[PDB]
Amino acid sequence: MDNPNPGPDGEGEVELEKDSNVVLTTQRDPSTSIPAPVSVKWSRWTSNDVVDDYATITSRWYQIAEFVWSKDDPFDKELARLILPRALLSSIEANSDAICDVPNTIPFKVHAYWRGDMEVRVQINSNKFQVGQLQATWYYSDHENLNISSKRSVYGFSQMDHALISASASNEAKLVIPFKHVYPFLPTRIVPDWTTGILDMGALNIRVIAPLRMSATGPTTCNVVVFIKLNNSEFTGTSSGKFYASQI
Amino acid sequence: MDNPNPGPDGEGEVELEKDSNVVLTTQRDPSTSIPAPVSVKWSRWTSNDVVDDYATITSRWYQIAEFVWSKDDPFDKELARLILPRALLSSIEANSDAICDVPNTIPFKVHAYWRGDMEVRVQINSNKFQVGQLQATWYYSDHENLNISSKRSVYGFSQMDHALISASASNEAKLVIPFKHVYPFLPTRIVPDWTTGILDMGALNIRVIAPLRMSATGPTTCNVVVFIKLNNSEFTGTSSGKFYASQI
Amino acid sequence: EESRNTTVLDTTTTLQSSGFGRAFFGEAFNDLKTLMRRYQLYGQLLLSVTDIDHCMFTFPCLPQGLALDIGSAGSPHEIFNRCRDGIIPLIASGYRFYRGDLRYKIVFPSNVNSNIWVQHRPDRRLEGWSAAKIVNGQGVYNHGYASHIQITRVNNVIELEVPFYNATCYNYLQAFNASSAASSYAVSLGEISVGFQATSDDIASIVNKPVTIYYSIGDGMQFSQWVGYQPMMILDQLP
Amino acid sequence: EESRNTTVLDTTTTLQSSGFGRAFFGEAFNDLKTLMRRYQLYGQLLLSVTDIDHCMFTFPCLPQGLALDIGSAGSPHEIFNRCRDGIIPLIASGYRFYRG
Amino acid sequence: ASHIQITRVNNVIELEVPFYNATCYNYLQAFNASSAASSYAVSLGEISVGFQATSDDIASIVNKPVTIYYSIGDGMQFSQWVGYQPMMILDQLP
Amino acid sequence: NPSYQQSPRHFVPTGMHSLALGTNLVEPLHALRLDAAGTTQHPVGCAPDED
Amino acid sequence: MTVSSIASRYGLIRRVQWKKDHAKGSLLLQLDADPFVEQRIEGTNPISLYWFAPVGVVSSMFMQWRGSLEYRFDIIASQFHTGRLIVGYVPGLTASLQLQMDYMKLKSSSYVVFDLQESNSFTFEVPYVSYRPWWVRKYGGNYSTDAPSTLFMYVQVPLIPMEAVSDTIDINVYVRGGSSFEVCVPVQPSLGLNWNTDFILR
């Protein structure tokens, strides 16, 4: 019972999440929160072209947002309103190169219609003396609402299920986000019946529940990393890559 | 026995070759020529990174060279010295756009090392009154020879096995080209131990055996099309697409 | 297709099959692999000595036949001027890959006495068909490689067996233009260097003596891909 | 401990084991003891005779490799000047005792 | 233990130096002569090669190379693992 | 590598095999044939009548 | 005495001074993914001696090597230091493409993110991804092929120490031949001993 023996290896036991060729480690246990059950594949009802997932490349993790989180950020402060099938591409364009240069998103350049489930692991690297707590919350189809600006606060996102990232224990947040949308496929480019708001499942947004509090000599910053897997994906509509417009 | 009944459908029976989502038809029977047996996969000996073929996109056909073939081309005239893992990419660059825009070659942009077998169907569309005969010949590692310029003639390529494209019967030429090279993987980009001569298995070259001969009112030109499948492929070495240089 | 055969218009009856000379000579000639192991002249040099461990001459080891050295206008090597290339590159012109061993049986002169070391160096690449010939830290003896000393006083011929030490499936076989940078490791089996162990007062007796090198393939060679023959030259039309 | 291994974060799949060159070259290289028996240059001399039973040269016999004699500034032993020490003391540098 | 090779027949003598030491095993690194009897713990012995030429023939033998090879032969058992010293890379030699 | 340390044979080189001997004697030769077990053969039409 | 016994031993070959003020894109090491890992000794000799991993020495007697390498990163940290660092791996980088690198181009290829929170040691098993089944020695005799692939180690999330502990953390980088490491052809060694460092230019 609670028998410490630290050493050159340290005390704790490392857990993993191995994927295709990207292995990321966590010392801490995830606070998993799953808003919806796993979806049926939906490739039978609306696709005659060759549907082929790419589990060797699409199910890899990819860092899409790191950010400094200081203690001087206020109580209900936005940190990242990441739109997950958009921020995966627009972060690649934030690296100032095309979508073809990344192995995780080359089927978005070739194929036209995406479906699939998305994993999110928001790691944090807080010191153990820092006290603060974030929440990672997924909201389906943010831009389709207009009163969401009056909802976008911790009092509203703590009612739906969500993960909690405590800076005390350096907690890590797994977030299984299945595909639920009005239409059973998200389009990845300019598309005959809608062009505005492309490839938009919703919004992972990470508000602050209580900010960093520390002594006068304390470590002020706290870097936060976001990872995304695209695990049970599929693609249809093989098309030319010259139709793929740049994301907004 | 030889009982013609032409109609609105025509007389002959159409054969096919269906692939992922590209179906190409031939009225005529192929003159298949297979220089070597089918190769073993070789992914066990030299790859720890995730090897994943993409049969939904890589095994599609792709037109890489059409060309007019006039009767005024001489006896032993080169028509296309296509280097097949190079001309697939350099024809895409001949369409003046990147390699990412084409669904058949996006793993060449992401992954680094290619292996696999290549099908070639050189269709011709000669008139039935035109008389001439080409030969499609595959030669392994053309640029590694120096006396090949003295060999590059019909008298030399008719000794190795080859397909024959007779303009009389509008013959079509299937050509099963397995991967044989010195090293068991072809690299698709700039690479630590060789940079010059990249992604070069050999040379499909189509010399003329006897030119088009016709009357004074005859149809002079004869368009020729080349298609390539990449059927038993595989890729390894997931890498960034920003290292992929343009082909020569 | 190449070897297709549509309408055979044979006139012949049955010819008696001798079994490739079996029924006349008591031996077969169907397999060309066992003809490949008859030893053929590889290259020939004349020693122009211009330390004990200095490699006297080096040559890349390859079954392709070397870049042929006729010689100067005054003294041509009369076989390599007249009788072109022999058998084994005449067959290797008919293929594209090889995977196997070689044998050498270097024949030294008789008037030399000093002991001779022979190194096999699979490190050294071949850098194109130019200077792929006998050349009179490379320049010295080396420790770790496969080595063999023959004593000239007992018998002035060292028989070798150069294995297949390459990181390939198989190697190139035609003439080689140094296309890729690492494709250069795909030609030779290595780089043999023969070096005498004579001092400077004895080495002048060794100058301008012939050192002939032979070769043959030895039980492991497997020429893989068929490639047709290049243009040939007929030898009895030579002036 | 030296060769302890706490948290393996392997990405690799199974690589095919060639058996130390067995499956390519028909021979093994796992054991370094049978590589040790390839003969290596030990020492080299030049006779400077300055009776019938006088020992012409002596040398201590040891697998450690000798104290390396490059030579003088004018005539260095070109292997011992250039190509240092070879194989067997490069392995014997990796040990402390021998018995054989 | 002695052996004559005749130079006229074949000028190479192949030897086999056994393990004649009163030890468990011998030292292997460079040796600074630390203890007085530890000096018996390095070599297998001390080989001496001697010609049998007279003084009129010995001048023909002056400044000829005598190369000596070696290998361990079925009995060598390097026991204790000790890490490698600093090395020098040979292709950086001028 | 076991060292074969038994004292080996002790004999006499000579220059040339015997010339007068020609019956009960397997005679070694450096052949100029291509096959090593090859023997000249007589077809059924080349039958030697005169022993 | 066995190459799977010598090559199965770690050797300290690199040591990263990892400070607090490194950004989220800072490079700590870009050492090559070969047994021939360099560590220079600060000497005044005309030939600077180099340490090598034992897998590097035992592969320096062989022409060709193949197999996985296992690098143990023993980060020396207390339980209160928190950090997070990518040990990545790019297959196939030349001299010109050795630069242009950051963590963002790295996360395309095979990469491993490590969460330094409580345990402080891991072992990235380097993939052997090359077109060639074996791979020629880097250095060779006095006569220079680079690595098949390059390791990188970036700082994904910067070091956040508590106010009562240090600013800087040193990382030990050990190199070992993996469970599948194997070498084949014996050639001239590329490494010589330091027992006689005298070298005479002729």
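Residues numbered from 1 in each chain as written, not as in the entry; some residues may be left out. Chains lettered and ligands numbered in written order. Part of a larger assembly, values for the part shown. Heavy atoms only, no water.

Novice: Just give me the short version of the overall build of chain A, but keep the residues and values in it.
Specialist: Scanning chain A from terminus to terminus reveals four helices and 13 strands. Here the C-alpha radius of gyration of chain A, 19 Å, is about what a compact globule of 248 residues would show, namely 18 Å. Considering only C-alpha atoms, chain A reaches an extent of 60 × 45 × 35 Å along its principal axes. In chain A, which comprises 248 residues, the share counted as buried stands at 58%. Within chain A, contacts between residues at least 6 apart in sequence are counted, and of these 83% link residues at least 24 apart. Summing over all exposed atoms, chain A offers an accessible surface of approximately 10,500 Å²; the carbon and sulfur share of this is 53%. Positive and negative side-chain charges of chain A, numbering 22 and 28 respectively, have mean locations separated by a distance of 4 Å. (Helix = DSSP H or I, 4+ residues; strand = E, 2+ residues; numbered from the N terminus. Rg over C-alpha atoms; globule rule 2.2 N^0.38 Å. Buried < 20%, exposed > 50% of the residue type's maximum accessible area, 1.4 Å probe, protein only. Contact = heavy atoms within 4.5 Å. Areas by Shrake-Rupley, 256 points an atom, 1.4 Å probe, with all protein chains shown as cover. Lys, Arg positive; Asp, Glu negative; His and termini not counted. Charge placed at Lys NZ, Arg CZ, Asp CG, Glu CD.)

Novice: Tell me about helix α1 (residues 84–94) of chain A, residues and numbers included.
Specialist: Residue and element names in this part refer to chain A. Counting buried residues in α1 gives eight out of eleven residues, a clear majority hidden from the surface. Here α1 has its buried residues at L84, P85, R86, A87, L88, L89, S91 and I92. Positive backbone phi, approximately 60 degrees, marks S96, located one or two places after α1.

Novice: Explain the layout of surface pockets to me, and be specific about the residues and the numbers.
Specialist: All names here are of chain C. For the second largest pocket, the calculated volume is near 680 Å³. Together, 24 residues line the second largest pocket, and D85, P89, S93, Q230 and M232 are the ones closest to its centre. Ranked by residues supplied to the lining of the second largest pocket, first place goes to helix α4 (residues 88–92) with three residues. Considering only residue class, the lining of the second largest pocket consists of 15 nonpolar, seven polar and two charged. (1 Å grid on protein atoms, 1.4 Å probe; cavity = no way out; pocket = protein on both sides within 12 Å on 5 of 7 lines; lining within 4 Å. Points joined across faces, edges and corners; volume = space filled by probe spheres on them. Nonpolar A, V, L, I, M, F, W, Y, C, P; charged D, E, K, R; others polar.)

Novice: Pulling in residues and values, what's your account of empty space enclosed by the protein?
Specialist: Approximately 70 Å³ is the volume found for the largest cavity. As for the largest cavity, its lining consists of B:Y183, C:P122, C:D123, C:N166, C:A167, C:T168, C:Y185, G:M63, G:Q64, G:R132 and G:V136.

Novice: Can you break down the packing of aromatic side chains residue by residue, with the values?
Specialist: Taken as a whole, this structure holds 60 aromatic pairs over all chains when the rule is applied. Taking the centre distance of 5.0 Å and the plane angle of 85 degrees together, the rings of A:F108 and A:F235 count as edge-to-face. Pair noted here: A:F108 is in helix α2 (residues 106–110) and A:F235 is in strand β13 (residues 234–238), with a separation of 127 residues, a long-range link. Each residue in the set B:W42, B:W45, C:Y165, D:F24, D:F25 and G:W134 is aromatic and connected to the rest through ring pairs, giving one cluster. In this structure, C:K105 is placed above the aromatic ring of C:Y39, and the distance from its NZ or CZ to the ring centre is 4.7 Å. The positively charged end of G:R66 is found above the aromatic ring belonging to G:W134, 5.6 Å away from the centroid. (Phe/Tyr/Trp six-rings, centres within 6.5 Å; stacked < 30°, edge-to-face > 60°. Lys NZ or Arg CZ within 6 Å of the ring centre and 35° of its normal.)

Novice: Describe the interface of chain D and chain E, naming the residues involved and giving the relevant values.
Specialist: Listed as interface residues are 44 residues of chain D and, on the opposing side, 53 residues of chain E. Here chain D meets chain E over a buried area of about 5,100 Å², counting both sides, of which 65% is carbon and sulfur. Considering only the side of chain D, the residues that lose the most area to chain E are D:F97, D:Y98 and D:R99, jointly responsible for 15% of the buried surface there. Joining chain D to chain E, the criterion identifies one salt bridge. (Buried area = accessible area lost by both parts, 1.4 Å probe. Salt bridge = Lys/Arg side-chain N within 4 Å of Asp/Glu carboxyl O.)

Novice: Help me get a handle on the pattern of salt bridges, residues and values and all.
Specialist: Scanning the entire structure with this criterion turns up 38 salt bridges over all chains. Across the salt bridge formed by A:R207 and A:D76, the nearest N and O atoms sit 2.5 Å from each other. Taken together, the residues span a long stretch of sequence, with A:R207 in strand β11 (residues 202–213) and A:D76 in the loop between β3 (63–68) and β4 (78–82) at a distance of 131 residues. You can call A:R207 buried: its relative accessible area is 7%. For B:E17, the salt bridge is made with B:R121, and the minimal N-O distance between the two is 2.8 Å. Placement of B:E17 in strand β1 (residues 15–18) and of B:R121 in strand β6 (residues 118–124) is noted, with a sequence separation of 104 residues between them. By the burial criterion, B:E17 is buried, and B:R121 matches it. When salt bridges that share partners are traced, they join A:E17, A:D19, A:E119, A:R121, A:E172, A:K174 and A:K229 into one network.

Novice: Go over the pairing of strand β8 (residues 163–166) of chain B with me, naming the residues and quoting the values.
Specialist: Residue and element names in this part refer to chain B. Alternating residues of β8 divide into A163 and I165 and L164 and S166, and every residue in both groups is buried. For strand β7 (residues 131–140) and β8, the ladder comprises four bridges, and the chain directions are antiparallel. Residue pairing in the sheet places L134 in a bridge with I165 of β8. (Pairing = 2+ DSSP bridges.)

Novice: Explain the environment of A:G218 to me, and be specific about the residues and the numbers.
Specialist: Residue and element names in this part refer to chain A. For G218, the location among the structural elements is in the loop between β11 and β12 (223–229). Assessed through its relative accessible area of 15%, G218 is described here as buried. When the C-alpha positions of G218 and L89 are compared, they lie 36 Å apart, and in sequence the two are 129 residues distant.

Novice: Could you give me a rundown of the sheet that holds strand β8 (residues 110–116) of chain G, with the residues and numbers involved?
Specialist: Strand order across the open sheet formed by six strands is β1(A)-β2(A)-β8(G)-β7(G)-β11(G)-β2(G), with mixed pairing between neighbours. Strands at the two margins of the open sheet, each flanked by one partner only, are β1 (15–18) of chain A together with β2 (27–29) of chain G. Taken over all neighbouring pairs, the strand axes of this sheet differ in orientation by 20 degrees on average, direction set aside. (Axes fitted to C-alpha atoms, helices over the stretch in contact; angles between N-to-C directions.)

Novice: Can you explain the pairing of strand β6 (residues 69–75) of chain G? Please cite residues and give values.
Specialist: All names here are of chain G. Here β6 lies mainly inside the structure; seven of its seven residues are buried. In β6, alternate side chains face the same way, and those of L69, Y71, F73 and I75 on one face and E70, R72 and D74 on the other are all buried. Pairing geometry for β6 and strand β9 (residues 121–126), over six bridges, is antiparallel. Bridge pairing in β9 places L69 opposite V126. Taken together, the seven bridges between β6 and strand β12 (residues 169–177) define a ladder with antiparallel strand orientation. Looking at the pairing, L69 lines up with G177 of β12.

Novice: Before we move on, could you go through the interface of chain B and chain G and cite the residues and values that matter?
Specialist: Tallying the contact residues gives 23 residues for chain B and 25 residues for chain G. For the pair chain B and chain G, the two sides together bury roughly 2,200 Å², of which 61% comes from carbon and sulfur. At the boundary of chain B with chain G, the tally comes to one salt bridge. Here B:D193 makes a salt bridge to G:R132, at a shortest N to O gap of 2.4 Å. Looking at which element gives the most residues to the side of chain B that touches chain G, the answer is strand β13 (residues 234–238) of chain B, with three residues. Considering only residue class, the side of chain B that touches chain G consists of eleven nonpolar, eight polar and four charged.

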